[PDB]
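Input: a single structure, listed below in structure tokens.
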Amino acid sequence: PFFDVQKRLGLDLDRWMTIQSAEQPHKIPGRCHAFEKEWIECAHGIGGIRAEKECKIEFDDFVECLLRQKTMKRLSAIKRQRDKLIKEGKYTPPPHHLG
Amino acid sequence: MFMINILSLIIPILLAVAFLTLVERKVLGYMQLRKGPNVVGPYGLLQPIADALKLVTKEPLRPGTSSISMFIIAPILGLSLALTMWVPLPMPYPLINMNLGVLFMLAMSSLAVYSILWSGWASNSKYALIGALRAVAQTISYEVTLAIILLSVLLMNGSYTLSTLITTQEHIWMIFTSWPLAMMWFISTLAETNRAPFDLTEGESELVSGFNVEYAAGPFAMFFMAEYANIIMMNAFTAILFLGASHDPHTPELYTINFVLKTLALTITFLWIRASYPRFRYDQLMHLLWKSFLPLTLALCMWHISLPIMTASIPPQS
Amino acid sequence: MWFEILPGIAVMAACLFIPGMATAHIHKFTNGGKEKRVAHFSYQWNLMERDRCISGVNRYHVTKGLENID
Amino acid sequence: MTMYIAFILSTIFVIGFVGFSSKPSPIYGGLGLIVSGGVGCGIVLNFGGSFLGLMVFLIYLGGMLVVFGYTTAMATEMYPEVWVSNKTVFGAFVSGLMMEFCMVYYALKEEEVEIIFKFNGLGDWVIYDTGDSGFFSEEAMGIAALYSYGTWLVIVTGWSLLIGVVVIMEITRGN
Amino acid sequence: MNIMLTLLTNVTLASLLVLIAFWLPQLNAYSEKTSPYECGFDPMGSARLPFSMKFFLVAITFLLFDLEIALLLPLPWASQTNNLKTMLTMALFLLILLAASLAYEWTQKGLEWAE
Amino acid sequence: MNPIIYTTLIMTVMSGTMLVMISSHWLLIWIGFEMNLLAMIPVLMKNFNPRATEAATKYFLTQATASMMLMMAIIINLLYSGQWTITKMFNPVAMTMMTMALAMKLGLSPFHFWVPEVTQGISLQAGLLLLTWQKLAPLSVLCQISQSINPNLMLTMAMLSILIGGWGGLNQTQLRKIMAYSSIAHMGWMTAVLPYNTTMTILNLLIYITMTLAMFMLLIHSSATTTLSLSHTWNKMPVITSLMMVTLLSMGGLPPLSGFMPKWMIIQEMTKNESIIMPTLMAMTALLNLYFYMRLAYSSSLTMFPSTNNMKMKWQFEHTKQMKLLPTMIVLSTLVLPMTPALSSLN
Amino acid sequence: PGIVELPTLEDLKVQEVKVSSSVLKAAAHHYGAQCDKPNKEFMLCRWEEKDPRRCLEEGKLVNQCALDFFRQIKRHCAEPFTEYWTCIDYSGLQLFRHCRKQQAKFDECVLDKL
Amino acid sequence: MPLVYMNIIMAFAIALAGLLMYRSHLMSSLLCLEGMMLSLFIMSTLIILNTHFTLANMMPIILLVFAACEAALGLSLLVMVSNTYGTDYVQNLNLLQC
Amino acid sequence: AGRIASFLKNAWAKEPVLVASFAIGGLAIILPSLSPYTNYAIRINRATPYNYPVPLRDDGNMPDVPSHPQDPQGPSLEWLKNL
Ligand SMILES: CCCCCCCCCCCCCCCCCC(=O)OC[C@H](COP(=O)([O-])OCC[N+](C)(C)C)OC(=O)CCCCCCCCCCCCCCCCC
Ligand SMILES: CCCCCCCCCCCCCCCCCC(=O)OC[C@H](COP(=O)(O)OCCN)OC(=O)CCCCCCCCCCCCCCCCC
């Protein structure tokens, strides 16, 4: 903050909730607890400028964890080719597809 | 077979509402030493049928200065909401076992005011307009106490699941723990449901017929059906909340006997009140709620939040 | 006198009687005599989905136990 | 169908928003907004947000917008400005029904809609997460933390609400 | 599956029930029949005027009051927390401030709304 | 309004701004902005004139819209990063989104259209609060998030702020509208240096604070709102018009007066950042502020405008106000240039 | 950027318990304490190894250690099991409170039989 | 990013336009303002529910209770305008001008 | 003293409502501190096992944790069923 009074007197006002890998009720996790914990500990005591590029791997992985863009695109391309192929009758889904 | 069960729920209630006009007419007359409908069929049993199909065969005159689309949507919302009020009820085993049924109960009940506001505006008459404006004004004042009462009452229950109320009252009626709230909840139900003394919404004597001052024949029954359907449901809601009943899993028949018998007793005391008290007034209507009801509800809510902690009697959330 | 209103309310008791009986018996009938196993939490739901898959007939309400294992 | 049911609820949400955003009669705008208010709750319900979904019904459908009807009953411009009254509102309503119809078709065909953000038009169901919540409803435990960890928010939210009532009577007192 | 199906059934039940209450009775309305009813006398042209402040004032107080009660729905699950003392203090705060807002509103006229 | 009620209303407004400057969580930042807004309107409503009602309505609509638009910047940043911490955010659209959202609160770009009109409607004391204290909260966020800003987008917003803010000032009779146009012009100077080095963005803030307290409380002491009304004050109290012309010259930025210290340091910084055309143009537009500054100074004390025979009563009586902190205000607002290297204390 | 290594379906063909939910719930208390050692080993692996594929060997062990728990009761009083889990199955929430007599009868054997 | 998120985001943007593109009833303007926050309230629930940010389930109510507070101010100003002017028109709400 | 008793009784003469609510709210806040069962309430609240008590890696010299969910070691709640 502009005036980090919280740090000075050490009373936690908001930071208990600023990130999802902190203490959570009944100790139940967020969707990306594993990833953001990795990114946080990567970018501690480093600085915003350095952590932008050095801890890039932990970031886009964590961003992909909660956005799930490329994973969804992966499934979309899988599904798109499926209907672009089975409609031509080139491959038939096995029984476990249909139960 | 989920469908047939649905008609098995909505159809009997509509026929129950029709017969509610007859019994109320007779019981209210009996207080007045009258007899009530007894000529149309044995003990007036066919009076609801006579009233129902006479009004249906009466033309639904639309007022000249009315938005027809606006005039028609309000009964649809009013009647459908009233019938939807029963879908989470813990009747033997609740139909829609919504884990937050009480919130679902309150949200739908609070959404009923849109029928009042829209009917008054669509009618487009000063008498109907101020009749509706005060009607909702009476309406919107009290459910804050409804919410506070439920929050205090449900606090010792465990959650908002309506089915859980049965296991909470497995030994004694829940009224004994919160009888100050029981009368608090009961009076507020009359204000929501708009019966005397809280009939200034309609005010047959002094507001002609309230928002139904013009509303005639065809869709007038919808407000009348929705109104009287809420009477059973609010009394049924009070019956489960405070006057709980034992429920044997191998015989849900028995608890239905207890639940049903209680909810006619709760409806009977509704019109019993109507046949004894003068009609209230708009200012007293607000003053009673905001000056002597809200403070008491707050304190009782404060009493009931801390009560489980000071007694180590918090209920399981399940 | 007031025995003439009892015919009115007795029918009333019958009207409110029906919805309780139906939803009780349909739940009993559909779910093989047992009541509808409610799932207010995800634990109870995935309990049922295990039962539906484990029944061998794709209905949860069909219960089948020690006769299976060997 | 139930494949893309949340696709539907999102769609009436947009057309409901286009309704009142087209500046129709304030009651009619309220009608269009509460329709969006009603359908939006289903979107949250489909995600398991029952408690959050039920609240908007309580304090936003049966809450804010009810007192909105009072001002509409208080304003009462000399003639209703319902959709037939003006032609720009029809144009606003008609227009707002085009581009969202355009981009859904754009998103339904190739799914590479790049309006401002890159967006996938895949089925709504995908982004859901698989995992049991045990016996504790995650929505309920989150809100109940209001009185466990949300101490600071409770004071500020309460204090502002107290200041909320002091201002309202002071501005409305008319000196 | 069943939830909106239950919602769907009621709405159709209501709409047909008014539909056979609208087309069946053979609507035969005239000009005087559709004329507004005003205690049997002539309407002078109205229902388009503001109504002072009291109805508005109570609505806003209700809205503000409804918002605070919205903050205290989660109490039944709040009692199931591990730290009751913080929860007991905090929930008491909302109620006493709810009292204080009522207390001020009472003292400075307020609920005795304008006439 | 009851003084105890008035004191509390100011107390929350101060705390709301204080809340913004002390919150590490984006939601709490929004909380401070809204509850500061929630108590700003009644202060503007203290006089309760139809002009004030128009002013307060205008102020609320723009501030509520900006604050509501601010939420998406938080939500979009949340959506793409899942971080409520107020730091360098991770979305160009979100970064763009909030920059105009905060700019509308400050009123730099065409967004500035509410700034003059609201000041005109509401009282002099309320205008003093609105143009001085209500500018700390939006600036606090920008200082913290300065590292994420698009340089082109913010520099532009600063440019039109000084550009239009100074340009329209030549055509204002009412002193309240003059002050607001000066405020918009001064808004650009701090905002321009904001992406480069935040230290002298603050330095401009306290200094710009000093004159506006100095000018407005001088104007309140004068009890004048128009140029002609200000002109008559030479007869009653010629001394006050003398100090006002010092501040008018100082706020214009002529050396060695205090108002030159910000602009000088601002030019120095962007000159270090290789931006040398940008400082030059703002300096050229700085004379635009000086013109109507001179026009007021010409009308106030440099010349001697005609008075009215009814001024004779004012001679007999005396002022009952206490103008707290006025003595030290103007002195700290006119001669502090020799103490310039003290800006490292802000760092 | 690599291979999501997945075990072949061969090691996944492990014997699975085929019993309705109420059967597990009825004997859950008499199952947890008496098969704890493999259960704790598997779930320790789940939280320590943090990867599903690492605990495959233990995953079939608990399932196997469930079966030899679900076999002797057949060679012993399986009859009190029948109505007990039947009565528990009748409950919508599988509440033990209603069906306590059959719980006592079930508990009476395993105090002496096993 | 999922198609639904467009629907709320576009809902806000068209709600934002209605708030800015005026007409003659600032009452209607307030509707776009509270609709504006409804999309904000709605969308915020999706991410928080989706990502299981349990403690973040906080803000949908917190954003609600504060956006609702602006209704108190906004509607109160409505009747104030509708008292010195009687109506809720916006073209006449230009007394400031100079 | 005399004024307090008179004022309280006199207030109870005109308004019996707010004095009743004030008394109830007055009680609602003090005895929560004075109650001896609040510590019991938090103890049973902590006693509810919503989550799985994940086993701890046994490496020797922690005698407090049992090696079996029947051993006397570890936390016990024999007060609870009596409570
Ligand atoms: C350790 C103990 C803890 C708990 C202790 C609690 C305190 C002791 C108990 C106090 C009484 C119970 C709580 C308060 C109840 C009254 C609230 C109130 O405002 O009363 C005065 C109020 C107002 O009385 P008033 O208006 O004459 O005076 C109020 C005070 N002044 C004048 C200052 C405003 O009474 C009413 O509102 C009258 C009833 C109105 C509704 C009409 C229908 C009544 C039907 C009655 C018969 C049916 C009853 C059904 C009951 C439920 C059945 C399921
Ligand atoms: C950087 C460039 C300059 C910037 C500043 C320029 C300011 C002036 C510019 C022109 C202003 C407009 C034209 C003139 C306006 C005059 C205003 C006015 O009120 O004039 C008349 C007035 C009459 O005087 P009066 O108020 O009665 O006070 C007399 C002294 N008691 O006169 C007054 O009120 C003036 C009173 C002045 C009092 C001066 C006191 C001096 C004390 C010196 C002490 C020295 C101690 C030395 C110690 C040495 C050892 C340590």
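Ligands are numbered from 1 in the order shown, chains are lettered A, B, ... in the order of the structure tokens, and residues start at 1 in each chain.
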Per residue of chain I within 9 Å of ligand 1, note the shortest atom pair and the distance in Å to one decimal, counting only C-alpha atoms and all ligand atoms, and order the rows by chain and increasing residue number, as JSON lines.
```
{"residue": "I:14", "atom": "CA", "partner": "ligand 1", "partner_atom_place_in_ligand_line": "33 (C)", "distance": 6.6}
{"residue": "I:15", "atom": "CA", "partner": "ligand 1", "partner_atom_place_in_ligand_line": "33 (C)", "distance": 4.8}
{"residue": "I:16", "atom": "CA", "partner": "ligand 1", "partner_atom_place_in_ligand_line": "30 (C)", "distance": 6.6}
{"residue": "I:17", "atom": "CA", "partner": "ligand 1", "partner_atom_place_in_ligand_line": "30 (C)", "distance": 5.9}
{"residue": "I:18", "atom": "CA", "partner": "ligand 1", "partner_atom_place_in_ligand_line": "33 (C)", "distance": 8.2}
{"residue": "I:20", "atom": "CA", "partner": "ligand 1", "partner_atom_place_in_ligand_line": "7 (C)", "distance": 6.0}
{"residue": "I:21", "atom": "CA", "partner": "ligand 1", "partner_atom_place_in_ligand_line": "7 (C)", "distance": 7.5}
{"residue": "I:23", "atom": "CA", "partner": "ligand 1", "partner_atom_place_in_ligand_line": "7 (C)", "distance": 8.4}
{"residue": "I:24", "atom": "CA", "partner": "ligand 1", "partner_atom_place_in_ligand_line": "5 (C)", "distance": 6.5}
{"residue": "I:27", "atom": "CA", "partner": "ligand 1", "partner_atom_place_in_ligand_line": "1 (C)", "distance": 8.6}
```
### Task
List the neighbours of residue 96 in chain B out to 9 Å using only C-alpha atoms; skip same-chain residues closer than 6 positions along the sequence, and give me the result as a VMD selection string.
(chain B and resid 87 to 90) or (chain E and resid 2 to 3 6)
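For ligand 2, the protein and nucleic acid residues at most 7 Å away, judged by only C-alpha atoms and all ligand atoms, amount to residues 237, 238, 239, 240, 241, 242, 243, 245, 246, 256, 257, 301 and 302 of chain F.
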Just the selected residues (N, CA, C and O atoms), exported as a short mmCIF file (atom, residue, chain, number, x, y, z; two decimals), in the first residue's frame, please.
```cif
data_model
loop_
_atom_site.label_atom_id
_atom_site.label_comp_id
_atom_site.auth_asym_id
_atom_site.auth_seq_id
_atom_site.Cartn_x
_atom_site.Cartn_y
_atom_site.Cartn_z
N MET F 237 -10.12 45.18 3.12
CA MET F 237 -8.86 44.67 3.66
C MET F 237 -7.83 44.59 2.54
O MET F 237 -7.72 43.58 1.83
N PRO F 238 -7.10 45.67 2.31
CA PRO F 238 -6.10 45.66 1.22
C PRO F 238 -5.00 44.64 1.44
O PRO F 238 -4.43 44.15 0.46
N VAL F 239 -4.70 44.31 2.69
CA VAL F 239 -3.60 43.40 2.98
C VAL F 239 -3.88 42.01 2.41
O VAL F 239 -3.00 41.39 1.81
N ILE F 240 -5.11 41.52 2.58
CA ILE F 240 -5.43 40.17 2.10
C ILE F 240 -5.25 40.09 0.59
O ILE F 240 -4.69 39.11 0.08
N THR F 241 -5.69 41.11 -0.14
CA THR F 241 -5.47 41.13 -1.58
C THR F 241 -3.99 41.11 -1.91
O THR F 241 -3.59 40.61 -2.97
N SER F 242 -3.15 41.65 -1.02
CA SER F 242 -1.71 41.63 -1.25
C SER F 242 -1.17 40.20 -1.18
O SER F 242 -0.42 39.77 -2.06
N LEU F 243 -1.52 39.46 -0.12
CA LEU F 243 -1.07 38.08 -0.03
C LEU F 243 -1.63 37.23 -1.17
O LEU F 243 -0.92 36.35 -1.68
N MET F 245 -2.23 38.07 -4.21
CA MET F 245 -1.46 38.28 -5.43
C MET F 245 -0.09 37.61 -5.33
O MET F 245 0.46 37.19 -6.36
N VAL F 246 0.46 37.48 -4.13
CA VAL F 246 1.69 36.70 -3.96
C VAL F 246 1.43 35.24 -4.30
O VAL F 246 2.17 34.62 -5.07
N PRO F 256 11.27 33.38 -7.57
CA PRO F 256 11.71 32.24 -6.76
C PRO F 256 10.56 31.70 -5.92
O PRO F 256 10.78 31.01 -4.93
N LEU F 257 9.33 32.02 -6.31
CA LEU F 257 8.18 31.61 -5.53
C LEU F 257 8.03 30.09 -5.53
O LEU F 257 8.60 29.38 -6.37
N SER F 301 -5.44 43.50 -6.57
CA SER F 301 -4.60 44.40 -5.78
C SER F 301 -3.67 45.26 -6.62
O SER F 301 -3.34 46.38 -6.20
N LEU F 302 -3.23 44.78 -7.78
CA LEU F 302 -2.30 45.56 -8.59
C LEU F 302 -2.93 46.87 -9.04
O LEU F 302 -2.28 47.92 -9.01
#
```
### Task
Dump as a ChimeraX atom specification the residues of chain E that approach chain I to within 9 Å, counting only C-alpha atoms.
/E:79-85,88-89,92,96
### Query
When distances are computed from only C-alpha atoms, which of D:84, D:31, D:94, D:39 shows the smallest separation from residue 66 in chain D?
D:31
